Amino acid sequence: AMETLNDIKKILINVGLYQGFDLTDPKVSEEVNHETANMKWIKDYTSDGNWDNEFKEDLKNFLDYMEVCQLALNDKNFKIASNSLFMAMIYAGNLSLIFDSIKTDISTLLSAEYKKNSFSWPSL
């Protein structure tokens, strides 16, 4: 049963292999698309990557800042409340990005634009 983001990563690597490439290889997954000046693959597919750790770290930062905001409110310190809300906002954005990034890579696999063989998805 699929329970973690790292579980999802493994399946995406497998999809890539059907297309003739191995995302766990840094020279594949960390390669720039020279035409667009952007990374071909957004997420880290190398053995050192850990998608669940990225999520938990962003979430903890988000919560921590929200908790500092409430504490500031209780003390009537609206400077710290303001700053803390601002930083929570920043980490909410990071959390959005976690999933947007995965979405983008999935979209890249679905288009098979970087395939190295004759793999083609069936028409639906």
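Note that residue numbering begins at 1 and tracks the sequence as displayed.
72-80 versus 28-36 - which carries the larger mean C-alpha B factor in the record: Taking the mean B-factor of the alpha carbons in each, 28-36 is higher.
Could you check which stretch, 45-53 or 88-96, carries the larger mean CA temperature factor in the entry? Comparing 45-53 with 88-96, the higher average CA B-factor belongs to 45-53.
Within-chain third of residue 116 by Cα B-factor, per the entry: Top third by C-alpha B-factor.
Would you mind ranking residue 6 by its C-alpha B-factor against the rest of the chain and naming the third, lowest, middle or highest? According to the entry, residue 6 has a C-alpha B-factor in the chain's lowest third.
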